[PDB]
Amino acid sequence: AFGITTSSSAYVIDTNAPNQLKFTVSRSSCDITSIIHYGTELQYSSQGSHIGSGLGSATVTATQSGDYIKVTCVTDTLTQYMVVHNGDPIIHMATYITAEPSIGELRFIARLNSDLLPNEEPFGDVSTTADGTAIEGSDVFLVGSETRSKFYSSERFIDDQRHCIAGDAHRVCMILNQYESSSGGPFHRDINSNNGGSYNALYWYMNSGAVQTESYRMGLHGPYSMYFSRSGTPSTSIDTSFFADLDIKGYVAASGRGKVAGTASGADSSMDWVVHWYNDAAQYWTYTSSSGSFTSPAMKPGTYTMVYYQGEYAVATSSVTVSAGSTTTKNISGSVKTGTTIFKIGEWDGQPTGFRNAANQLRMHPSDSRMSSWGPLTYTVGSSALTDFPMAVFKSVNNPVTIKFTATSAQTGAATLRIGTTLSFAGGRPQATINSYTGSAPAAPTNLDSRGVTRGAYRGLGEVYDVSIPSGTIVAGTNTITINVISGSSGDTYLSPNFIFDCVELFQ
C-alpha cells in the first residue's frame, strides 16, 4: 500500500508503483539504506545513497499529502527533500542550501548494486574503473590497456536531461529538468556515473570545483528525479509541479516566474545557437530554432546578463529584466568579426571540434594508446587536414606547434594572428613567432584550479590571444608560425602547462 512505515531507526516509503518501489530512509542520517524494486534489493549494503558522503546526522520527518509523500531532512545549512507520487516508481528530490557544503561541492550519489546494474548510459564503460590501476590522482585509471574515469561519463548540462545505470532486469535514471541553481553555464559538464568495483554510482553534481567558471548559487537545487525501471527507459517529460503544494524551502512555482522571448540573429548559421541568462541567484538557457526564435525556461524574477552563442562562442551580450507572469520580448544580435582571411584553422565555436584527438578526449585520457600522436606536429595550410592539428599543446609533450603557410605578394601587409583557446591549465598560454618576429609574452590567465583536459573537459574562460604582425614580416612564398605554450609552472606529461585550441586565424 502507498504510505509510510515507521520504526525507531527508519521510515520505509512505499510508492505503490506497479513493478514495486519501496525505500528506507534512516531517521538518524537521512541515508537511503535499502531500495526494493520488483522484489530486488538495489542499494549498496555498506554505504548509503545520500547527499555528498552522507549528511551524518539530520532531523527527519515524513508526511503524506494526498497522493504524495514528503520526506524532509534538516541539517544546519542543508535541507534534503524526497517526494513520491502514488503509482510512480520515482524518488523525486530537491536540495535546499544556505551555504555550500564543507567539501566545496554539492552532489547526490546513489550507490547501487553493480552486479545487477553493471552498465552506464549513454556513454558505456568509459567510466567503468572496476579493476583499474590509478594513473592520475585517484580518479583516472588503466583497466587493461584502456584509460578510464568517472569524468568520461560527463555531458554538457544543456544536453544532460537523462543519464542512467542499468542491467538486464533493472534500470535507474536521473531525470534532470532544472539546472537553475547549478554553476558554469549551459556547457558545464560533470560526473554522471561510475562503476568503480564495489558498486555502480549514479550522480547528480548540482555544483563542483571541476572546471568551474562561476561562483556557487544558494537556494533550492532541482527538483531532480531518480526513476526506477525494469527494462523500460523513462521519458524526460516528468511533471514536478506538485512541489508547489509541499512547502519546499526555496521553491518558486510557475506562477512566481516569467520568461524572455525573442529572436537571435547574425551569427554563423552552420552552428547551433544558444541563449543563456544568468545572475547570482539563477542560470537559464535554451537552444534557438534555425530561424533564431527562442523562449526561455520559466525564470525567477530579476535582472539577468543575456548571452548569445554560436556553438559555445559568445557573439553578443545584453541585459534583461524578468517579472512574474510576464514575458519580456528581447531580441539579440551579433557576429564574429575578423577581417580578410589568409588562413583559418578550425571554427569559432568555443570548442576543439574537428582537431586531432578532440572526439576521443571526451571519453579517454590523452595517454591512451588509441589517441593519435600529440606531436610536436607541423601543420601545413592547404595540405594538412584539421585532424592533423593538435586539439591541445602541452609545454612538456608536444611543444611547440609549427604552422607552415604560403602567402602571395598581396598578403605581405600588416596582419593579426589570432589564437583562440577554450581552457588553460597551470598558467598555459601561447607565445607566437612568425618568421623572425617574436610576439610579446602574454600574462598568465586566471587559474581555474582543476584538471580538465585529462578528465574529458574543455569549457574554460575561452581566452583569445592576438598577435599584431607588422607589414613586411609576412613574405611571398613559404612562412613559418611557431606556437609555444609558456608558463612559470611545471608538470609531468599531460599535467605540464597547456591549453586547448578553439581556432587559429590569420587575417588582415
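One-based numbering along the sequence shown.
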item	value
Higher-scoring stretch by recorded Cα B factor average, 340-348 or 167-175	340-348
Higher-scoring stretch by recorded Cα B factor average, 498-506 or 3-11	3-11
Deposited CA B-factor, highest of 307, 90, 103, 97	103
Candidate set 35, 30, 448, 457 [ranked by C-alpha B-factor, highest]	448
Residue 374, C-alpha B-factor rank within chain (lowest, middle or highest third)	highest
Residue 245 by Cα B-factor - lowest, middle or highest third of the modelled chain	middle
Among modelled residues of the same chain, the CA temperature factor third for residue 389	highest
Modelled-residue ranking by C-alpha temperature factor, third containing residue 414	highest
Entry-reported Cα temperature factor of residue 480, expressed as the chain third it lands in	highest
